[PDB]
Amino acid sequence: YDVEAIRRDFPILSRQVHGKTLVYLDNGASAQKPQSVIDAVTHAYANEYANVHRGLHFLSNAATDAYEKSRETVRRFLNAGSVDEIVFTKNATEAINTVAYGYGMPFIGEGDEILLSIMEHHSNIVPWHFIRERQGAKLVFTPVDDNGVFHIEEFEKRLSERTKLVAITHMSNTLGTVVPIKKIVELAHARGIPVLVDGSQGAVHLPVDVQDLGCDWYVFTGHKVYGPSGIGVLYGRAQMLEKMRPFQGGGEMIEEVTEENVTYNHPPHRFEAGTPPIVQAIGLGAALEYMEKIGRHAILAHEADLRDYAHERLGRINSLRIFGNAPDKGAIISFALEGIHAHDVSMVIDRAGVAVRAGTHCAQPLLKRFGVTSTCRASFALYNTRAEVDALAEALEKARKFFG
């Protein structure tokens, strides 16, 4: 694992911040981009740009190819059966809404249950809440223990004849806890219940095989996988996509439009209304290829080393608490210093060059359950180093002395 060589692919990592060395550990919110992604975006706009309704003319063709090729890269990256199971969206949030409006709304009604975890990011909560609020569905929350460990027996107890959908995270964006999703799908499918998986973090930090998982839907977001902003992905099993009605309506998702009626395309196009994020899809392709080039398991090993080393180093800091200590967790470390506000810690180490995030992390119910309103989060990526963990630890010790 040549991390120094890897870092050289990311131009931003060498810039200064307040005249100081950048140490970017807010990857969970958004990740930095390798040169190849930037080059792919630039080349698309500069040399191969047009709209993609596979037009007859050269550029429309070249752009449709580049676009369809991304769709294939995503398919391979997730190990989906077919490219027709990959739907492009604005972001993961929109992917989840597509399912919530397309499937959930027609099929989930008064008294029916939607089963989530307490770890869900808001985007895997609010769309389901719409069904509660508008149609009288109930939300149920699978708990997690004080160590952040997820217990399958606790999920299983909350499955019932009224459960119509399971929507659950692959990896917690706060605890880093990895959810045993294959086992969850097995249990759900045995009862005929479909499962959506929020893989916005999972996809960044774990090998993902959506056929081995068996999940009905899997979503992830481009900007976290080292890729462009403005691009998300919804994977859905063909039969499940097919049963969904349209979410957004317009050009490119119809078959026939007359004054009197409209008929709809089949997936994935059924769910991609108007001009899609063309160049962002292409850039995402380049980003997923970048991850393949390094090797997904090499990444996992490297991030596991950063996780363990971070737990050791921060563990040595007197007043510091880590939220989430699952053995197989991703390299996402949420923490607090006793008697100091997270925003204080964060502002201050930013001055040393260290970028962390403080606040809710779009997961308030999780924080309420853990007895806090705010935490700091250092989230690691494939380009981060042990020396950066040390810089974090040094800065946090300094922050503790400053406010203490």
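Each residue number is its position in the shown sequence, starting from 1.
*Asks:* Can you tell me which stretch has the higher mean Cα B-factor, 36-44 or 333-341?
*Replies:* The recorded data point to 333-341.
*Asks:* Mean C-alpha B factor from the entry: is it higher for 147-155 or for 236-244?
*Replies:* Taking the mean B-factor of the alpha carbons in each, 147-155 is higher.
*Asks:* Among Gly111, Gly285, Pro268, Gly251, where is the Cα B factor highest in this entry?
*Replies:* Comparing C-alpha B-factors across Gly111, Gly285, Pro268, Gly251, the top value belongs to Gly111.
*Asks:* Check where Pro276 lands among this chain's C-alpha B-factors and tell me if it's the lowest, middle or highest third.
*Replies:* Within its chain, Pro276 is a lowest-third residue by C-alpha B-factor, going by the deposited values.
*Asks:* Determine, from the deposited record, the chain-internal third of the Cα B-factor for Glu255: lowest, middle or highest.
*Replies:* It belongs to the lowest third of the chain when residues are ordered by C-alpha B-factor.
*Asks:* Among the modelled residues of this chain, does the Cα B factor of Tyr309 put it in the lowest, middle or highest third?
*Replies:* Its C-alpha B-factor belongs to the highest third of this chain's values.
*Asks:* Should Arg377 be placed in the lowest, middle or highest third of its chain by the C-alpha B factor in the entry?
*Replies:* For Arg377, whose C-alpha B-factor we compare with every modelled residue in the chain, the answer is the middle third.
*Asks:* Going by the recorded CA B-factors, say which third of the chain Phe370 sits in, lowest, middle or highest.
*Replies:* It belongs to the highest third of the chain when residues are ordered by C-alpha B-factor.
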